[PDB]
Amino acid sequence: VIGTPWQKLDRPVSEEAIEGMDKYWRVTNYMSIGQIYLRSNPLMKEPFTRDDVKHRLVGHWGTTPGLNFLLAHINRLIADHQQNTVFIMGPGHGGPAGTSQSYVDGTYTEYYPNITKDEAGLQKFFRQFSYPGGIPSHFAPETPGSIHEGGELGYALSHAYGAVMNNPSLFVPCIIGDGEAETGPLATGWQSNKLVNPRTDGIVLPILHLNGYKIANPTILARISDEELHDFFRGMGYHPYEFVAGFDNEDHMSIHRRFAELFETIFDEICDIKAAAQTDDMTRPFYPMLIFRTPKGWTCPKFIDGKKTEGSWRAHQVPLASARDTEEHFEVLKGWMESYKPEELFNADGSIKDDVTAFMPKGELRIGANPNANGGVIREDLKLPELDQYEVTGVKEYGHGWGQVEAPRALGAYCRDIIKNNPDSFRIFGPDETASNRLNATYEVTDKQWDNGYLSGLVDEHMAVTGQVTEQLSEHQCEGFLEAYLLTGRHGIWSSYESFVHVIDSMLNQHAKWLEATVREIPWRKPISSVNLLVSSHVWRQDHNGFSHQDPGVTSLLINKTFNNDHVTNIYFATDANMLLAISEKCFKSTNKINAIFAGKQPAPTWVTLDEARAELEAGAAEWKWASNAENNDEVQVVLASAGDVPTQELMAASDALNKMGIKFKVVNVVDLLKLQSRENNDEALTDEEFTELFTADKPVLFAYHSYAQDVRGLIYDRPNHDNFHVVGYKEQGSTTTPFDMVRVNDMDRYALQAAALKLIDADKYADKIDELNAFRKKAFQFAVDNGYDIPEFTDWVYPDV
């Protein structure tokens, strides 16, 4: 248990705490300006001149003094209440507030011993910000106290609410830009309070950083009427409180006392909600939120060159852009740094004075030290059930290609038992698709968590105010909740229709970037559990939907995060349920990855046993010898290679036909896609020798690929024999139609695969047979048109091993 969660003070904030908060705010403002502007001389010792100013002024001042103000008050609150707290910096371009916070709390020097608490350390701290060989502009994973960089705006609230799930002692004050709140993902993020429970989860306090402006415009929320703004927050289930400061001559000590009093009222309300929830955990409370309305750039010069800067979008990036080049900008910068009176904040040796930090929290309550902001220090491996009990044993009892299994049901049973064994640290998210993607065996041990109105057991099934599945029709919510759940040390999976995974392409990019920086150069940030995404209801079998639901292209995006041997991204094609099981075990053990797990949910053959699945997965691609009819690679006339359940089924049927014609071939299944890249691009891929062994040195290879052929073509560009691969992938064809028709129109069906294999082998010799196969595809299509279902010869085919 960290601290004493949810305790009220029952006395006023002390005057010593007010004095310390004002010094915090002045020293963090001063050092934020130092990080942006100063390459040397951080205490302005004589002579302080333009030569001390950075040659390239980069950074964002506008948000920063508002963040520094809130962080003074959040620090005071954590110390007085001993409250387990992680904050979210929505405007993550306010990096200097976050580095300053860590430098003040002592964690920065603890993690970065060269950046010491004295004048030499402070000089290095100023220079390094946004500087070559230094540190980032944003609140990056290398900053103690960050679980959210806030570079690509919009995810502040999903991360805040995922952090508090199953974390009942955790308080998250979530600072949201008012520009940020105009994004789609942030606007739906407010609604998360219908999906958390005040007893079993922790508490988010949204703080709208309503500074009136984004980059070059006012914000929507800052210019609507007060009555609309309050109605908006009340309508989303909050009790809105509003603070307004900095727009008149009120002295800063008075402002601190008024804010401290308000923040105590708000926290007392949060403690009352927490206490009440021990008895009534079914009534959704109106959680407080805070409208924090202060001038953008607060405390910078009001006008610069006759233009209003404090209280304007003009304060957004770097005021006084000429501070190094003109004595006029320099004199302004000097007056501004001096206005904080650093001679009262730092000792002669350059260390921040003790009376600046006596009010601060200590130990693991510090924002920089709390282990929820470095959740791999809290993370424990899952207690996983034995995989063998889930195996589809039909392959062993009856043969390769047996049965009509819906593959994700086996993952569902495995998930059900993982939740049983790990009942408060493994969650499933879904955008109203958990049952549709066949993971609903989980409901046998838990419910979907819904903290909003109930009506009747005639409609409400498998839903309760607490549970370990969460659904909302938003891929951004599901991805953001899960990411923060992992970042705070827990585990999970989500599932999406494949075409709609693209809604969160950019979130996958940012989380991959977080992982890249971490595996490269942040070894104190310990490994977290991986994002596991079941990519299902795929391009080939969207029976009730049509062409909008046909886009397997998240493969292509994921390929753009496969560099430097970071190994933070995996693309797996689950050939059947036994393979899905073997892939899911590996993913649930893995850390510091995004794992995209492709599996069809339609009834489909099972090809491999679980033991075979375990070996083949490890290799990445495997010959299926029981399906090949060639002696050795020299006898092979063509290599039949597939990735994905549907291409494999069609390839298998084509193999059966090619066997009966007396054609010699081998069958290769590909599960771990990026293991096709060369060793030069991927030090864990198949070696050239293993790659040649599978694909031959010079035989043609027909490769039936689940997604866009482009992906495989680009991955295998420097591989031996790559000029002989003919990759058949999805090619933007299809509609609402029968299963045969969907493969037919992308040349993916068994008949077209058999034809392509014959064309690769000898086009002239097989000219007639190819015509005949192409005519059968027309006949089969006409059959479907006339009759309403596919031709029995297609649907009724079972691999001859069965």
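Counting begins at 1, following the sequence as shown.
**Student:** Identify the stretch, either 396-404 or 131-139, whose C-alpha atoms have the larger mean B-factor according to the entry.
**Tutor:** Averaged over C-alpha atoms, the B-factors run higher in 396-404.
**Student:** On mean Cα temperature factor in this entry, is 556-564 or 200-208 the higher one?
**Tutor:** Taking the mean C-alpha B-factor of 556-564 and of 200-208, the larger value falls to 556-564.
**Student:** Report the option among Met31, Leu70, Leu760, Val745 whose CA atom has the maximum B-factor in the deposited record.
**Tutor:** Going by the entry's C-alpha B-factors, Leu760 comes out highest.
**Student:** Pick out which of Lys194, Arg234, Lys664, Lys296 has the highest C-alpha B-factor in the PDB entry.
**Tutor:** Reading the PDB entry, the winner on C-alpha B-factor is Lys664.
**Student:** Ranked by Cα temperature factor within the chain, is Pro65 in the lowest third, the middle third or the highest third?
**Tutor:** It falls in the bottom third of the chain.
**Student:** Using the temperature factors of the C-alpha atoms in this entry, rank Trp450 within its chain: lowest, middle or highest third.
**Tutor:** As the PDB entry reports it, the C-alpha B-factor of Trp450 lands in the lowest third of its chain.
**Student:** Ranking the modelled residues of this chain by C-alpha B-factor as given in the entry, is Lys353 in the lowest, middle or highest third?
**Tutor:** Ranked within chain, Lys353 CA B lands in the middle tercile.
**Student:** What third of the chain, by the recorded C-alpha B-factor, contains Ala685?
**Tutor:** It falls in the top third of the chain.
**Student:** Taking the entry's C-alpha B-factors for this chain, is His462 in the lowest, middle or highest third?
**Tutor:** Answer is middle: the recorded C-alpha B-factor places it there.
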